[PDB]
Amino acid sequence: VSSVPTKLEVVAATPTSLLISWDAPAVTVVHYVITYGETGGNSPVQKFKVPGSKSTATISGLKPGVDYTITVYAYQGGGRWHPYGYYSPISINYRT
């Protein structure tokens, strides 16, 4: 299905960290929100922000050998006339 951004992938990885990147959309993003947690896990999800100017990120502090679910939200911002929110996100799974 349609999503912003597109083609989310893992560029490189360590046993305890991940290097992710995506396609910077033609439309410009005010800021990205990257959420990550254990795949199917009951444990809550950690999240941080990424400027809409950069299309890469590094997720540290992970545990080795466990499946992780990475999700990137692309928020579009503006004045009061436009509602603040995100396009449909994109998610990938990766095992450290």
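For every residue, the number given is its place in the sequence shown, counted from 1.
Colleague: What stretch has the higher average Cα B-factor here, 35 to 43 or 55 to 63?
Modeller: The stretch with the larger average C-alpha B-factor is 35 to 43.
Colleague: Quick check for you: using the entry's CA B-factors within this chain, is residue 78 in the lowest, middle or highest third?
Modeller: For residue 78, the deposited C-alpha B-factor lands in the lowest third.
Colleague: Compared with the other modelled residues in the chain, in which third is the CA B-factor of residue 21?
Modeller: According to the entry, residue 21 has a C-alpha B-factor in the chain's lowest third.
Colleague: Taking the entry's C-alpha B-factors for this chain, is residue 4 in the lowest, middle or highest third?
Modeller: Ranked within chain, residue 4 CA B lands in the middle tercile.
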